[PDB]
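One structure below.
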RNA sequence: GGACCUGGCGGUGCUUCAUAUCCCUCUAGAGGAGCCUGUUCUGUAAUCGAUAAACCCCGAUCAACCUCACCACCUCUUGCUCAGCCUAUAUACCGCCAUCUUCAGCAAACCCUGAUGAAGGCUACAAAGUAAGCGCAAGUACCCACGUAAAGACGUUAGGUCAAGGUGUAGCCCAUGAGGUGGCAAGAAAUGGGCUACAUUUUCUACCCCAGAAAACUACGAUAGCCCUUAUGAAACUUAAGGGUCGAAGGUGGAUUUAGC
Ligand SMILES: [K+]
Ligand SMILES: [K+]
Ligand SMILES: [K+]
Ligand SMILES: [K+]
Ligand SMILES: [K+]
Ligand SMILES: [K+]
Ligand SMILES: [K+]
Ligand SMILES: [K+]
Ligand SMILES: [Mg+2]
Ligand SMILES: [Mg+2]
Ligand SMILES: [Mg+2]
Ligand SMILES: [Mg+2]
Ligand SMILES: [Mg+2]
Ligand SMILES: [Mg+2]
Ligand SMILES: [Mg+2]
Ligand SMILES: [Mg+2]
Ligand SMILES: [Mg+2]
Ligand SMILES: [Mg+2]
Ligand SMILES: [Mg+2]
Ligand SMILES: [Mg+2]
Ligand SMILES: [Mg+2]
Ligand SMILES: [Mg+2]
Ligand SMILES: [Mg+2]
Ligand SMILES: [Mg+2]
């Protein structure tokens, strides 16, 4: 399916007219009718629940939907590297190799090299893996040299979240005591923890003293871990409510909630140590499903080699 | 539908038959799938059935009508 | 919600290929869809057992097979009433003799229910899914045989006999049968008196003066038997008087002045029979003009209900009288009275509807400004009615008068969508108008684009029985529209067709 | 290997439709459903009786509109109503289409005791998604 | 000769028209009626989504072209003559339980198909607090022993659920009959109530 | 039953056995290849054994300016339509059922293949 | 009820309003076996006796 | 129409079941199918019979294909006359 | 016009089980109790055993409605796994999709 | 017969390897006992099919009658069906799958090489290959980017199934069809998979994790046997549950072998 400039020019007029019709249906002003409203009106008038968002109704501008002749009537190719097959890729290697010769004559985090799939969009040319590596080798070579200001702009074209815990807002109760509330999750257990700023180290889970609620020592050890690490045991009063899961799933969920709510009463440096200790991360390990042809999630039925 | 002991006036007031027919009318009163015309059919069928087993019901000391 | 002006009637499929183009397709597309419903009912009543199963809750009695065949196969009095409700004329009359021959007493209410079915259809079977001129009242018909056999006759007996004769154009005999009714000291009903006025005038083609005296005698007998007239009684008098166009003018009004006194709201039909009587092909139409004006004011701002079958015909009659008078102020009242409430259902069948809109849109173009005339053309057409050639030609004579010759390349595209692609008279008035005078380049190049589409029509034509023929004027005009436009190259290729078909070229084409 | 509802690869001269070009594992990701009723919803009933009607309706229309069906039917139910939506070729004359609409609508309304309406959408030629 | 399809009426449509008149009631997507260049489908390599003409994916969708905001506001303006005003006195829910202490439950089910029947529509639940009834010490104590687990002490609400009879009007009359016999039997003191 | 009926495409695909293990490696003789036939080629919509004439479908909707009604062909007239249909079927089959040999009758050598296919850039041979 | 479904569409095929491609198939295979000699025998007058 | 309405979304339900992949044998190879039911509760308050009647008809008629409805109605009644005082 | 004789037999079975449903219910009620005398219960044991075998509901088999397959049938759709998948794999069963989790 | 090509094979070489895998190495098992269950033999008047990997709690998310196709006896004949067939052929097929695939290759259409032989077609500081389409991948589902599902070609094994259904061909048509009554589906033996155990990290009870008893010929240990009752059902030594009685083998298992990051 080849689309010429005249065909795309007629599609530009049908979208503009269709954009004024869709505004009359919804009762909006045609002039200030952006593309976000079109996406909202087409999702109401044509409700599709297809998981793929590329298979749903879309009424976009023809320049964002549709993805030219390389010779004139005489037949002479415009570009001088037409017969190479990759005139766009080789014109770029010819330009980069020409800037590396001038340098000889007169003489970072958050950024990544353009990926292969993104480099075939700038050139509209299919590229092999090896050719992409060759191009990257020249750009890196360019950077090592004392490149001028203009060169930095050229390289920048081909180049493309702070791991800090979110502190909870300290609140105040009717009496005036300061605390912080957070939530945790472990397997199927969900927990909410309230950590008072000043306390005598009393913890109540679901209205029951923690030692009564958690008989097994291991569970109590998990509760201590956050406070022991920040060397402030017997200084806060905790009131949590865990629901779901089992014995060991409930403690883990409380540990994470207390730890998150105890980050509001500690310094920034201490919160980073808690993060590096694995006290503020949610364990993503959950039960794996069983498969129709196997005994278990990964266990297989006995192979009758016999 | 719920008060079906008006139809047991041709049955013994006391006895096993009454205890049996007090279970039929309790189950038929808990039935939202039958009409009242169909519930009486059941009751009339037993009345005709116990009139034909009178000789068998005299051996077991039961005076049905 | 209002009507969609860009769509055809809902009954049709909303699809360009299935959309009715012309007016012939419109009527022929609904008759083929009605033929599928008759071919389905045929199959639903011939083989009911397939459709007897019922899964609907609540029960739909209108989606169940009908059972015409009678069930009671015995010979009793109750087995005959079952063949009279199923309108089995032949079976009932053949099964009555056997019952009568046996000697079983037959009620008077069951023999009067057989005459009704025989006197109505006239001893003929009703039309069935599958198995005008002259008089259909045979002399050797059951209706008269069973009438004599009867040992006792009440009022209803004659009443349902007189109405059966007039219906089958047996007027002369009904009057002879009405003299016997008078000899038996009986009293007729209103329905029997209604048919006696139709028979009286129709029986003999005498002068109106004699007929007027005759009709007055029945009405005086109607008041001597404590009989109250209804709407239909007056409606027949007006319908009957239609023949005496001039003379009846004043008398017909008298009938309308007696309907008000005795409290009989005239319906659409009562007025439809007056205008037709008054309406005549006369140039002055002085009397007709006043009549319609008064009638419309009385009817103005009213909602109508069906009372007589002729009510539908009124709207067609009024518009016709308005186009003859060339009055557009009176056509906006008639069409404004058709929109109130649900009066839009009295317009009539497709034939009546197209005639009404045609005469209507033809008086709008001629008489009103060309800016509104193009608003009525976008609303009505095609949602209301498909136009006939004379309406597109009537519209072209309005643009010419309104110096708006830039819409002709739009009137020709529509014509092709309404079935006038190959209308000689249409293409012969579009080309001449475009080529009549020189126009600026931008407008002169558009007319050439219509002459290149009108020229293709001549080259390819639906009827191949006769050799392709090009009118002298068309070829004369298509060539001069190319020159002025600038398509000289193609202007020289048409020269051969002038002599090929012996078509004389005009001097204005050679000079240029 | 899996075979269900898959059109095997060919030289390239075989034209397939969007629905015919997608396998069963795309039925809710890239495809919808050809029938839409409530029978299969949680707590709904009469799923086996709406199914038998669909199997018969697709065969009734395939044999009643022979050679005219470009794509599969889209059956829609709203209360008592049943809406049949079809894509058809333009080869057949319109006169014959209107006959088949009034015959099928009426016959199927007396057979399933429900108002049935049929909505045709003619297409010049069978829309082709790609050539397998 | 071979019939030729007409151009779509979309071209005739104006930008400032009345859409409700085009799509007054529910109908399938008609590309010849919808004046929008809307596409659907999963694109092939270096391809675009399928067009609306002949698209079976846009016909499966249950569209809301008949329920545009302009219409709803236009429809409901004509439906304000059918509605009645709610008594202003009944501000909150605490005031509704003072004049109307009884709450009746009834459910209607809407499913597609030819039959509208549903056995779940016969169930009727009646809720009523015991504080709104003229009961004394003895009556209230006896009434809680007859109903068993139908009374919740936490909320002091008696719930009566009746599904015995086919119709919902019979189960409502039976629930009101049960409330009367329990009220008139709670006030009646027997001679066997002294052995408590 | 009526629910155990397939379509023509499915019936021929299984009858021809074009795609099978036998075809793959010279395991099937070509002496009597099965041949697909279209059973809808000469069928008119609305024509059945009973001979019913459906207005608007089988026959013209309107005759002599008036709409026709449901009619059924007579036995004599319907017997002539079934026999005339057979003749068309035989004629169509007969036409489907001369060659110039080369060096030998079964030899390919010496046979003409015609001129080569024309080139895209206005080249012909 | 397979009878109703199988009897309705048998009647509709004889009336010409339903085209069964499956019967056509097996109407042609049974027509090509009469020409090949493989015709069903008369009842009673079978190969065995 | 002037009706108070609150909207929430109850947790969805997913019914799954397994079937044999092949017509014959090959028990270890099966196929799994599911039906997804999604809910949406519209809790209106302080209506009247007439107001609920037209509103329910309006939304019920426009209910799209594949969408069921369960309308639970809580009616306000008054104590019956007999319940007012005991029959001494 | 049923798939096979096996299906036809069940159709009769289901028709004869609907006619004697009430008669069998009334007779079993006598048997299913400890109230009535054994003499009467022994007479009812002979009356319900003399009725046709096809009236017994334990002889009814839930076969497929298209292929009359006795096993591998889904009760909600009354279809075999093979016929169910065919319609489900073609997107003809509203709501039915393949499960992945 | 000589000399080549391809493919397969090799108790053929070399090198990189398998990341729950080839071997060693970690953990729980199997094989030993009893029971359950399938198969094979044998047996019976008394089905069929799968049957190295890729059969063996497989078709069956299921057989007291029914299901049922089997056997014996009796019966019917245009027969529920504009008949019918669970009759043969899966080596005629569709259809749905297995398998290599815990892969990436498959391939139209061109081009070139080899003197225009079958055949073959890479080297990135590049030497003849380009490639739609298919699969992979990407997307999607589920709790994300992870992982698990799903997907997974073209071919291979004339792999599996005519007994899902349909169907080509050959065959039966007072019978190879249809219906009824009764009935068998066992166990000398061998084998596969599984359950429970041989106990003290255990047994019983209370609790649901701070306890008290038990503890080798009245211990651990049968879901078996025998007897009764109950449930379902028209029908139960018969199916299932429970109780009672009973208290066996077995004392942690050879060569070999399975699964799992
Ligand atoms: K080799
Ligand atoms: K063992
Ligand atoms: K096969
Ligand atoms: K088979
Ligand atoms: K066969
Ligand atoms: K074992
Ligand atoms: K134990
Ligand atoms: K072991
Ligand atoms: Mg395990
Ligand atoms: Mg020869
Ligand atoms: Mg597999
Ligand atoms: Mg028993
Ligand atoms: Mg059973
Ligand atoms: Mg065996
Ligand atoms: Mg048996
Ligand atoms: Mg095979
Ligand atoms: Mg084999
Ligand atoms: Mg993944
Ligand atoms: Mg898998
Ligand atoms: Mg994949
Ligand atoms: Mg047999
Ligand atoms: Mg038997
Ligand atoms: Mg035991
Ligand atoms: Mg023991």
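Protein chains in written order, with the entry's author numbering: chain G, 67 to 133, 137 to 176, 194 to 246, 251 to 396; chain Y, 331 to 395; chain 4, 78 to 208, 233 to 613; chain C, 36 to 167; chain 1, 48 to 243; chain D, 88 to 184, 188 to 215; chain Z, 54 to 102; chain H, 102 to 189; chain K, 28 to 128.
Think of the CB as a built atom: it goes at the ideal place given N, C-alpha and C, for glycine as much as any other residue.
Neighbouring residues, chain 1, relative to residue i (Cβ below 8 Å)
{"i": "residue 132 (chain G)", "result": "95"}
Cutoff 8 Å; reference residue i; Cβ partners in own chain excluding five residues on either side
{"i": "residue 128 (chain G)", "result": "74, 77, 78 and 81"}
{"i": "residue 388 (chain G)", "result": "378"}
{"i": "residue 375 (chain 4)", "result": "339, 353, 354, 357, 392 and 396"}
Contact set between residue i and chain G, taken where Cβ atoms lie within less than 7 Å
{"i": "residue 81 (chain C)", "result": "In chain order: nothing, as chain G lies at least about 23 Å away."}
Residues that residue i contacts on chain 1, provided the C-beta gap is smaller than 7 Å
{"i": "residue 83 (chain 4)", "result": "56, 59 and 60"}
{"i": "residue 54 (chain C)", "result": "103"}
Under the three-state DSSP convention, the category residue i falls into
{"i": "residue 176 (chain H)", "result": "strand"}
{"i": "residue 367 (chain 4)", "result": "coil"}
{"i": "residue 213 (chain 1)", "result": "coil"}
{"i": "residue 209 (chain D)", "result": "strand"}
{"i": "residue 260 (chain 4)", "result": "helix"}
{"i": "residue 153 (chain D)", "result": "strand"}
{"i": "residue 363 (chain Y)", "result": "coil"}
Chain Z contact residues for residue i, given Cβ-Cβ distances below 7 Å
{"i": "residue 134 (chain D)", "result": "69"}
8 Å Cβ cut-off: residues of chain D touching residue i
{"i": "residue 6 (chain C)", "result": "Here chain C covers residues 36 to 167 and nothing more, so residue 6 (chain C) does not appear."}
Same chain, Cβ closer than 7 Å to residue i, neighbours up to 5 away in sequence not counted
{"i": "residue 150 (chain G)", "result": "156, 159 and 160"}
Cut-off 6 Å between Cβ atoms - residues of its own chain near residue i, not counting five sequence neighbours on either side
{"i": "residue 136 (chain H)", "result": "116"}
{"i": "residue 175 (chain 1)", "result": "148, 149 and 205"}
{"i": "residue 317 (chain G)", "result": "323"}
Interface partners of residue i on chain D, CB under 9 Å
{"i": "residue 131 (chain C)", "result": "132, 133, 143 and 144"}
Handout entry: Cβ-based contacts, 8 Å cut-off: residues of the region 116-148 of chain 4 near chain Z
Key = 116, 120, 124, 126, 127 and 130
Handout entry: Residues from the region 163-174 of chain 1 in contact with chain 4, defined by Cβ distance under 7 Å
Key = 163 and 164
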